[PDB]
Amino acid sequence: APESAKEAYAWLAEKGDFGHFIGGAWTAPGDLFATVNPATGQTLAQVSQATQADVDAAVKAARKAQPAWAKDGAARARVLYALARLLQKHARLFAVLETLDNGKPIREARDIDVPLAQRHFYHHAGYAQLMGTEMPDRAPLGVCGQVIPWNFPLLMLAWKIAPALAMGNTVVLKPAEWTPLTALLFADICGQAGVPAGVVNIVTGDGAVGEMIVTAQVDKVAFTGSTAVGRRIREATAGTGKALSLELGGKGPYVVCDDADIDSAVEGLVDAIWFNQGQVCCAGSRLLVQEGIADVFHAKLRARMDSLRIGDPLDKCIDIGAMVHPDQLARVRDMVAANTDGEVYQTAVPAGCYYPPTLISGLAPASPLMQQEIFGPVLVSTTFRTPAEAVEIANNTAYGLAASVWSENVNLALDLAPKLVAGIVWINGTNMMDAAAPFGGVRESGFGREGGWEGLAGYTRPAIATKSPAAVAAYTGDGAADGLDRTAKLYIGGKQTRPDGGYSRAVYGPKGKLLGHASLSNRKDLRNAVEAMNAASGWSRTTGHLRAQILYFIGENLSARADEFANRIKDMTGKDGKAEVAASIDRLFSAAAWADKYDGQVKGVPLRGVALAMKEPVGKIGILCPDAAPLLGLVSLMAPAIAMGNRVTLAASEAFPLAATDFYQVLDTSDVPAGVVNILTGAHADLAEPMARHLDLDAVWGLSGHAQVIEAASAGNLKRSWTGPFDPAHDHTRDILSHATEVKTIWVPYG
């Protein structure tokens, strides 16, 4: 006997045709479109396609309510707590409504979706309580536009709304056009929880309403959804000064070693088949099994797949629900029709909007199905021989979200996990989620983290704003020839290199004295720099202690030439350079200090074990330095970057390049390994787009302008970007460490 939907149908009947939740109240229904129960084919309700006028109104209500909301964090905590209690009281109503709207088994909605949504609000209440005293240097961003997909409607809403509200922001959120209902119910309890009017605003519609939110007068955009829409959002927000987080999916690898717990590994994969749909952090879809056990593993997998029960999602004895929508069904069918590799195995499926669990095995690692996105309850599988080959196959995609590793051996599991490119790695489990544990992607899975103390950074700004210094025009001079040899080069791969293009410009002091010449880098020089950083990948695997020693040497050797550097700064700018040199020395010693002291966080979780929120290097970073602070700007950016294990290519000050070129000898005398620090001089108009575009860079920092061009071009590979503000005279070290690292969360057994 399946579960009753009487209460949910009753709420739907009460609410009628839906408008939006704006400014604390329901607007009149507008231009209506149906949401349909995918299991019965019946219309559940009519919802509105928001107009531009609605989106403007919702953003204006969020703006009007935000400052009083931000003022009192203890009062925000009470509201988030009340929202969690209402989610718990109305648990059954939320679960049934999710199943009706989305098609998922009532048992998943009741045991997974709604419990985790409650926990997210319970847990984040406390961040609001603690923000004033524990994050005193942080402040709200303001208004957050939020857009989410159809696979986990309530949970995806909680992941967006709870940390935004906790940190004193207000929200305009649009659920997916296929799954609006539980967000509309969440709106309908906001009054009861004490949510002040206009702090939460829910508008419904398709991607066109999403586009209006993304380009609206908001301080933040947070998106979960497809990679392609992610790219367009990165482009539409380029140069606007908005904060941006993107969770873009990518279904992750499930590594099963020769000594894994076979039965638990099979069961974990089966229990994940229905869960692994849409753009969710998850593992299971790319099955990588050591060749010695692959046949036995696949044989058990097919049999356990046969035990999965398909049908009525309101039946708590059902494991496979209805596909979310006929279009999604057809996408799955088309994917299978488009594949010609492997051996397809399918359980039977009943009539209607159902698709059966499917295993496509016998793929070679190079097969497109191993690298393309996967849709539906579909598994693809390949084998490996050695753990190093498993790492290689797992990291050989454009994605990087979550991974799973199964081994009973204490070493193998803990040595494989950090080598996989992901924001999350589960050891002897999969799809483990907790509000205290950050989750999010690298590569084309996007950027940003949700959950934990770590997730709060994306919903705050520094309490005291800094301001990038204005550009400075290079000094001019008469143009007589230099009888002495004073033409600086570039610094690439541990040695000085002529610019590929052969050109250099004269550098003149404040009164037109010719000081020397500096090279003009081009794209071929940058590409040589990137190859030099690729050869220096070992630097990302060194100890913190080794990197500290290096930075101490750089600091020492700068001190030995401190007078020379100050006079070079004075020659170029006319201002005394001693204070800038003393501060550049200091920034090095601060970075040396930090190199072995930026700790990962151990999270307690209600599940098995603990979540280890590790810090990791971003990788290779291209950096454009400001005109001002010829030496301080370069060193302040370079030093925390390499302290944390990154390799960097810096475009030195365009107005005043000769301090950076004098620094070459400092790097050589300090034994900076080749490729760890590369330095380009010349016109930033020539380099900004190439550095932001480059497909083999993991981050671009543009602190000399060109923010729009840089942020737009970063969409090519969805690299992280930072375009300031950056004030060299301000010690940004601690914040730069955050720009220079990624969080990877490793879930391990414990206690």
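Throughout, we count residues from 1 along the sequence that is shown.
Legend: mean Cα B-factor per stretch from the PDB entry, 117-125 versus 83-91; the higher mean is in 83-91. Looking at mean Cα B-factors across 600-608 and 307-315, the upper value is held by 307-315. Taking the deposited Cα B-factors for 111, 525, 478, 662, the highest one is held by 478. Of all the options 617, 292, 368, 241, the entry's greatest CA B-factor is assigned to 368.
The deposited CA B-factor of residue 38 belongs to the middle third of values across its chain. Remark: residue 339 belongs to the highest third of its chain, ranked by C-alpha B-factor as recorded. In the PDB entry, a CA B factor belonging to the lowest third of its chain's modelled residues is recorded for residue 454. The deposited CA B-factor of residue 724 belongs to the lowest third of values across its chain. Annotation for residue 51: CA B-factor lies in the highest third of the chain's modelled residues.
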